[PDB]
Amino acid sequence: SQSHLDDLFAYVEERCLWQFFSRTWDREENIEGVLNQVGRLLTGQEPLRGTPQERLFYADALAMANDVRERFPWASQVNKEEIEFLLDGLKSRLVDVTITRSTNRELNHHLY
Amino acid sequence: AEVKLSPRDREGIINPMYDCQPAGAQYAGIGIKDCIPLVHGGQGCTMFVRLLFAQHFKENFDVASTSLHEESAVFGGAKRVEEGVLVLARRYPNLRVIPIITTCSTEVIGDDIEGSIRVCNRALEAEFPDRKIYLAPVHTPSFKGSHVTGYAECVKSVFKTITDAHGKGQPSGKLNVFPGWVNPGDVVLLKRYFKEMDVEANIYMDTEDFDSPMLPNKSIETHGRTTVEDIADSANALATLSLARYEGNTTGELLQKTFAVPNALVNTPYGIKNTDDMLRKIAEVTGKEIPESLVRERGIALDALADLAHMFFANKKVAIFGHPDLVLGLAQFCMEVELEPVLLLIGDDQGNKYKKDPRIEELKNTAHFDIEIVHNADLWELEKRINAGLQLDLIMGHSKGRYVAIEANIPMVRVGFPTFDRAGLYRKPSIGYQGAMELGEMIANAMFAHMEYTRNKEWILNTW
Amino acid sequence: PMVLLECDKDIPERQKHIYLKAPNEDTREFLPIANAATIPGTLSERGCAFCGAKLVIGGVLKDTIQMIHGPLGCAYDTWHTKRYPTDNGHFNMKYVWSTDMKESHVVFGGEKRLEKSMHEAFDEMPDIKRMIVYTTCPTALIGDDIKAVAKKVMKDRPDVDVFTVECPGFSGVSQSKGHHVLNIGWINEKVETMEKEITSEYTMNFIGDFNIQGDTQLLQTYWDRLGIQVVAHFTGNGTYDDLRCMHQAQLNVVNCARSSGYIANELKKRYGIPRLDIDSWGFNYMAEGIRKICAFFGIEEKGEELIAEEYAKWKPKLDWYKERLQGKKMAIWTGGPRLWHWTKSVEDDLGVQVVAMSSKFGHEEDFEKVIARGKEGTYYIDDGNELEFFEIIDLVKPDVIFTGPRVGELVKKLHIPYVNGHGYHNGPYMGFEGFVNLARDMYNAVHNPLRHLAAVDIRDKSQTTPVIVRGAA
Ligand code: CLF
Ligand SMILES: [Mg+2]
Ligand SMILES: [Mg+2]
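Header annotation of the entry names X-ray crystallography as the structure determination method and lists the resolution as 1.0500 Å.

Per the PDB entry, chain C carries the name Nitrogenase vanadium-iron protein alpha chain and comes from Azotobacter vinelandii. Among the UniProt annotations of chain C, the heading Function holds the following wording: "This vanadium-iron protein is part of the nitrogenase complex that catalyzes the key enzymatic reactions in nitrogen fixation." What UniProt states about chain C under its Catalytic activity heading is, verbatim, "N2 + 8 reduced [2Fe-2S]-[ferredoxin] + 16 ATP + 16 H2O = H2 + 8 oxidized [2Fe-2S]-[ferredoxin] + 2 NH4(+) + 16 ADP + 16 phosphate + 6 H(+)".

With the PDB entry as reference, chain B is termed Nitrogenase vanadium-iron protein beta chain, source organism Azotobacter vinelandii. Per its UniProt entry, chain B bears the Function comment "This vanadium-iron protein is part of the nitrogenase complex that catalyzes the key enzymatic reactions in nitrogen fixation." The UniProt entry for chain B carries the following text under Subunit: "Hexamer of two alpha, two beta, and two delta chains."

As C-alpha cells, this is what we get:
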C-alpha cells in the first residue's frame, strides 16, 4: 500500500545517510545497491557478500531490514512480490527527492 | 655587570609572543562605546581575534569582517568595505564609531580606504541625516610591528578622526590618561587614584565594564565606556599623562602637536618607584597634593613585600616576557623585591626604539647580574635557553607560554595579555601599589605551591 | 517556509538561508542556500580557508611541523585554541611555526624566507622529520611557490618529507575550501608513498575524526576489542606517515563527511575502498555503526559482545539523564555536521528537542541531512550571524545552546547556559561513554543554581532567593 511505502520512506529519510552521498552517481549506486540487499533480507534470500562493495551494501541493508521488521508489523505479513514492489517504489521516491528535485548544486560536479 | 640587547638569531618564528597589528587595532576599538571595528580582510583576521578576547576576558566583543573573497583579491575589495559599513549602520542603530582596520591582504592589494570612507560618508549622510558615524582609517599591515603597534595606531587614528571633526573648545580642566594595554583591574585602580587625589581625568580607553555582570534583567553591559564626547574632549585637557611609550604615547604627542595639550610620558607604573614617579608627575601638572590614602596603600604594599623579599625572592632568577612597557616595568619591580630578572624577552621588530628606551639605561646602572634582553623574540627563544641550561626560578608572562613553564617545572605568574589559563586575573591590578603587592603575593604563592608539589623544604612555610 | 527575520529587513537575501520547517512541506522546495559568499559587516560566525586546512585537519597530527608561510598573526591565532590531545605529550598543541613575513618579503618575495624557516625548524627539533607548509593571504597574493620550495628542501634534506597546501584565507567563503584543497592534495601526492605491516584480517581507515578531547582514542578501544587494524586515522591522534598508507585499508569509515568525504570518495574511485558513513556521536547511532562495520568484516558476534557490554556499563546512566533532560529545548550553532549527527540522537537517546540550528559553513548536502533528521517548528540557518541568534532565542527560547565559548559567554547574559559544541566541556563525546559525558554536561549546565540566582533581583521585597535540588546519575 501507499501507507507501507510511506513508512519505508520516512524511515530512510530520518535514519540513513547512504542516500546523501556527495554526487548523483554515488546516490544512484547506493539507492540501488542497498535496497536490492534489503529486498533479499526481507524475503529470506541469500545476501550477496562477494566484493567489498557488495559486502558494504549488505551491511547498510542489514540495519534497515532489521529496523523495518522491528518497527512495522506489516513487513512480516506481506509476500515476496509485495516487498519487491514496495522497494521499487522506494527507489523511485529516493531518486526523486535526493537527485531529480534536489537543489544541491554540487551533485553533478565531475570532480570530487 | 652587563645588560645586553640582542635580536633573535633565527629568521622564522616558533611560538610567537604577540599577535599581528590588526588584532591590537581591534583591542583598541572594543574599548569605545557604540563602536564596532570593521576588519577589512579575510574572515580569520576577525574571528580568531574575537576568540582571543574571549579567552582573556571570558566575554564576547563585537567586531565585524568585510569577508574578502576571491573576486576582491583579483579586482580589489573596496566594495566589501563599503557594503560592510552600510550593513553595520543599518543593523546597529546606535553605532557611532567604525575603525576600518586593514590586514595583510588589503594592504598588499592597495584598497583605497580613505576613498571608501568618502563614499560611505556620503551614503550615510544621505540615508541617516540625523546620525553621525565616525569612520577612522586604520592602516595595520601585519608584516611589520605587532599587536602592540596596531593598538597604538588605532588609538591615534580614532583620536585624529574624532578631534578633526570637533576641534578645540572650552578648557575641560581634566587630564587625558593613556594607560596603554592594561586590564580592567588596572583601570579600576587608576580611577581610585585620581578620585583620591581629587583629579578629574578621562582614562582612554575605559575598559572597566568589560567585566560585566549577569543581571536580573538580562541586560548586556559588556562595553567600552569611552565615548565620542570623551575622546573629543581630549583637545581641551590640561595635560596628557601617557603611561606606556609603545601603547598610546604617540596619541599624547599628536594632541600636543595639534592642540598644545602638554604630554607627559612616564615610566609605566609597575612597582613602587614607578608608581611614586607617576603620582609626582600628576601632582606637578595638576598642582594637587598626593593624598595620605596613597601613602597608606604604598605602606601596606611595602609591608607585604617585606614579608617576601629576602626570605623567598633574593637571588632567584626570573625570565619575563610580554609587551615592552610591561617587561621593562616588571624588571624594575622585580629588583625592588630582590628578584633577579636575567632574561627579558620582547616580541617584535621595534628594536631600534627599544635600544633608546631610558629604562634600559636604568637597568644597566642598577643590575648586579647580567641581563639579556632579546628583542624580536619568540617563546621558543625561552624554551631553547632553558634546554641549553639556563636556570630559572620563575617565569612571568602570558598564558601562551604555559607549556614552557609546565614542562620545565618552573613556577610561572601570569601577567599581560592573554591570561586565559587562570581565573579572574583581568580583575586584579598589576600596576600601582596594590598591583605591586598583588604581583608579589602571586609570585610567593606560586613558589609556595611549587615547594609543596616538589617537596622542596615545604616544612618552611610555617613561621616566615 | 523561508524566514525573513526582523534583523535582516535590510539584508533580505538572508531569507533564502533560513528555513522554518512546517507540516506537510516538500522540503526539496525549501533547501537553504549554503556555501555562498558571506555578507560583509554581518558578524557572521565564519572563519577562513587557512583555518580549515591547518587548524582543523593538518594541525591534529602528533609528529609534524605546521609551517605557516605568512606574517605571524595567522600562526598566533591558531595556537592555544584546539583540544586534540595526543599520546606523545601534545606536540601538536605546544608549538606553532611562522615564516614571520616582513615588508621586504612582500617586495622581493618570501620563498627564501620560507626555505630558511623550514631548515631552522628541522634543525631546532632534530627528532621531527615531517612538515606541512600552508600559504596565507599575502603569500598567495605575492605568488610564492611553496611546492617548489618544499621540493628543494626535500632534495637538500633527504630524511624529511614535506606536504604543501595553498589556502589563503580569501579563498572560497569559509573554512570549507581549506578542507577540500588539503584532502585532494594529500591523495594526489602522498597516499601510496609508503606501506606498513598488516597485522589483522580486518583493516580500515577512520576518516573525519579529529580526536577532540580524546574521541579517537576512545573509539580505538572498540577497534582493538574487535581485532580491527586501523591503517590510518584522518587525522585524530594521527601521524604523517600513517596517512601515506591509506590505500592499504579494506574499508573507509567516515564520520565527518563535510571535511573528509573528499578523500573517502577519491580512495573509493582510485583504490576501490568502500565508503561507509556512520554517526560516531549518539548512543544508539554508535551501536548501528559498530554493527555495520562488523557485518562488513563478518565479525557480527564480536560486535554484539561489545555492544552488550557497553549498554550494560552506560545505558543506565544515559537513561537517568534522559529522564531529567526529556522535553528540554536545545540549539546547536556549530560548523554543520554536528547538527545532523546530534539533532535526532539527542531526541532519541535523551528526549531533547532541538529547536534551532545554525551552520557556519555547511553545504547544501549538510542541510539535506539535517532537515531530513530534524523536527518541525525548528529553524535551520545557513551562515547565521549574531543579531539573528538573538532573534532566534526570542522565537524558540532554548534551555541550552551548544556553541563555541564566545557565543556561550554572550548568551550567559540572557541566563541561557551553554555546552561547548566544538571543543566540548568534559569530553570525549563520541561513542557510548561519550554520549553519557555529553548528557552529563547538558544536565549540569541547565540545572545549575547560578541561573536561578541570577534571575533574583534582591531589591524586590516580593522576591526570595531559591534553593534548587540537583541530582547525579
Ligand atoms: S584570513 Fe586567515 S587568519 Fe586572516 S591573514 Fe588570511 S589566512 Fe591569516 Fe594573518 S597575519 Fe594577521 S591574522 Fe590576518 S592580518 Fe594577516
Ligand atoms: Mg520524516
Ligand atoms: Mg603586614
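Once you've had a look at it, read on.
Below, the discussion takes up the overall build of chain B. Helix and strand counts for chain B come out as 19 helices and 15 strands. At 23 Å, chain B has a C-alpha radius of gyration in line with the 23 Å of a compact globule built from 464 residues. Taken over the C-alpha atoms alone, chain B extends approximately 75 × 50 × 50 Å along its principal axes. Partitioning the intrachain contacts of chain B with sequence separation of at least 6 by distance along the chain shows that 75% fall at a separation of at least 24. Looking at chain B as shown, the accessible area adds up to about 17,400 Å², and 49% of this sits on carbon and sulfur atoms.

Turning to the site of ligand 1, a few remarks are in order. Taken together, 19 residues form the shell around ligand 1, and within it B:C20, B:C45, B:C104, C:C48 and C:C137 come nearest. Of the chains in the model, those with residues near ligand 1 are chains B and C. The pocket occupied by ligand 1, as judged from atoms lying within 2 Å of grid points, is the largest cavity. If you list the elements that add at least two residues to the shell around ligand 1, you get helix 2 (44–57) of chain B together with helix 2 (72–76) of chain C. Ranked by residues supplied to the shell around ligand 1, first place goes to helix 2 of chain B with 3 residues.

This part covers the sheet that holds strand 8 (residues 251–254) of chain C. Two strands in a sheet stick together by hydrogen bonds in their backbones, pointing the same way (parallel) or opposite ways (antiparallel). All names here are of chain C. If you trace the 4 strands from one edge of the open sheet to the other, you get 7-6-8-9, paired in parallel fashion. The open sheet terminates on both sides in strands that have one partner only, identified here as strand 7 (229–235) and strand 9 (275–277). When the angles between neighbouring strand axes are averaged without regard to direction, this sheet yields 25 degrees.

Our next topic: the pattern of salt bridges. One pass over the structure, following the stated rule, counts 79 salt bridges over all chains. A:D60 is the partner of C:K292 in a salt bridge, and the nearest nitrogen-oxygen pair spans 2.8 Å. Highlighted residues: C:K292 in helix 12 (residues 283–297) and A:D60 in helix 3 (residues 52–71), drawn from two different chains. A relative accessible area of 7% places A:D60 in the buried class.

Using the criterion set out here, one finds 17 cavities of 30 Å³ or more in the structure. Estimated volume of the largest cavity: approximately 200 Å³. Those elements that provide at least two residues to the lining of the largest cavity are helix 1 (21–30) and helix 2 of chain B together with helix 2 of chain C. The class makeup of the residues in the lining of the largest cavity is 12 nonpolar, 8 polar and 1 charged. Empty space within the second largest cavity amounts to approximately 140 Å³. Going through the elements one at a time, helix 4 (80–100) of chain A together with helix 15 (364–373) of chain C are the ones with two or more residues in the lining of the second largest cavity. The residue inventory of the lining of the second largest cavity, partitioned by class, reads 5 nonpolar, 4 polar and 3 charged. Of the residues that make up the lining of the second largest cavity, three or more belong to each of domain 1 (1–193) and domain 2 (194–473) of chain C.

All right, on to the side chain of C:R130 then. Residue and element names in this part refer to chain C. Position of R130 relative to the elements: it lies in strand 4 (residues 130–135). According to the relative accessible area criterion, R130 is buried, its value standing at 16%. At 2.8 Å, the side chain of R130 forms a polar contact with the side chain of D241. Those residues within four positions of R130 in sequence are excluded, and the remaining contacts are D63, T64, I65, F122, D159, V160, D161, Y240, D241 and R244.

The next subject is the environment of C:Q213. With respect to the helices and strands, C:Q213 occurs in the loop between strand 6 (203–209) and helix 9 (215–226). Taking the C-alpha atoms as reference points, C:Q213 and C:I273, 60 residues apart in sequence, are found 29 Å from one another.

Right, let's talk about the domain arrangement of chain C for a bit. Residue and element names in this part refer to chain C. Segmenting chain C into domains produces domain 1 (1–193) and domain 2 (194–473). If you average the C-alpha positions of domain 1 and of domain 2, the two centres end up 23 Å apart. The interface of domain 1 with domain 2 comprises 61 residues on the first partner and 61 residues on the second. Interface area for domain 1 against domain 2, summed over the two sides, is near 5,300 Å², with a carbon-plus-sulfur share of 56%. Put simply, domain 1 and domain 2 have 5 salt bridges between them. Taken together, the links from domain 1 to domain 2 amount to 38 residue pairs in polar contact. Listed by contribution, the elements that provide at least two residues to the side of domain 1 that touches domain 2 are strand 1 (18–20), helix 1 (49–57), strand 4, strand 5 (161–165) and helix 8 (176–189). Considering every element that reaches the side of domain 1 that touches domain 2, the biggest residue donor is helix 8, with 9 residues. Considering only residue class, the side of domain 1 that touches domain 2 consists of 29 nonpolar, 17 polar and 15 charged.

On to the interface of chain B and chain C, then. At the interface, 75 residues of chain B touch 73 residues of chain C. Summed over both partners, the interface of chain B with chain C buries about 6,500 Å², with 61% contributed by carbon and sulfur atoms. Between chain B and chain C we count 9 salt bridges in total. The closest approach of N and O atoms between C:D100 and B:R8, which form a salt bridge, is 2.8 Å.

What follows is about the domain arrangement of chain B. Residue and element names in this part refer to chain B. Domain annotation for chain B reports domain 1 (19–164), domain 2 (165–268), domain 3 (269–315 + 432–464) and domain 4 (316–416). Relative placement of domain 1 and domain 4: their C-alpha centres are 33 Å apart. Contacts between the two partners involve 8 residues from domain 1 and, on the opposite side, 7 residues from domain 4. Taking both sides of the interface into account, the surface hidden between domain 1 and domain 4 amounts to around 460 Å²; carbon and sulfur atoms contribute 55%. For the pair domain 1 and domain 4, the interface holds 0 salt bridges. Scanning the region where domain 1 abuts domain 4 turns up 3 residue pairs in polar contact. At 3 residues, the largest contribution of residues to the side of domain 1 that touches domain 4 is made by helix 7 (residues 147–166). When its residues are assigned to classes, the side of domain 1 that touches domain 4 shows 2 nonpolar, 5 polar and 1 charged.

Of all residues except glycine, most have a negative phi; of all peptide bonds, most are trans. Looking along the chain, the bond that leaves B:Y204 and enters B:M205 is cis, with omega of -5 degrees. Counting through the fold element by element, B:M205 comes out in the loop between strand 8 (201–203) and helix 9 (228–232). A cis amide bond links B:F417 to the next residue, B:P418, at an omega of -5 degrees. With respect to the helices, strands and loops of the structure, B:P418 is situated in the loop between strand 15 (412–414) and helix 19 (432–454). In the Ramachandran plot, B:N409 falls in the positive-phi region, its phi being about 60 degrees despite a non-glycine side chain. Within the secondary structure, B:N409 sits in the loop between helix 18 (402–408) and strand 15. Even without being a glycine, C:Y424 presents a positive backbone phi close to 70 degrees. The residue C:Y424 is located in the loop between strand 14 (418–420) and helix 18 (431–446) in this model.

What counts, and where the lines are drawn
Residues numbered from 1 in each chain as written, not as in the entry; some residues may be left out. Chains lettered and ligands numbered in written order. Part of a larger assembly, values for the part shown. Heavy atoms only, no water. UniProt positions renumbered as here; feature names shortened; annotations may be inferred. Helix = DSSP H or I, 4+ residues; strand = E, 2+ residues; numbered from the N terminus. Rg over C-alpha atoms; globule rule 2.2 N^0.38 Å. Contact = heavy atoms within 4.5 Å. Areas by Shrake-Rupley, 256 points an atom, 1.4 Å probe, with all protein chains shown as cover. Near = heavy atom within 4 Å. 1 Å grid on protein atoms, 1.4 Å probe; cavity = no way out; pocket = protein on both sides within 12 Å on 5 of 7 lines; lining within 4 Å. Sits in = over half its atoms within 2 Å of the grid points. Pairing = 2+ DSSP bridges. Axes fitted to C-alpha atoms, helices over the stretch in contact; angles between N-to-C directions. Salt bridge = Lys/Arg side-chain N within 4 Å of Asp/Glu carboxyl O. Buried < 20%, exposed > 50% of the residue type's maximum accessible area, 1.4 Å probe, protein only. Points joined across faces, edges and corners; volume = space filled by probe spheres on them. Nonpolar A, V, L, I, M, F, W, Y, C, P; charged D, E, K, R; others polar. Domains from an automatic or database assignment. Polar contact = N/O pair within 3.5 Å; in protein donor to acceptor, adjacent residues only side chain to side chain. Buried area = accessible area lost by both parts, 1.4 Å probe.

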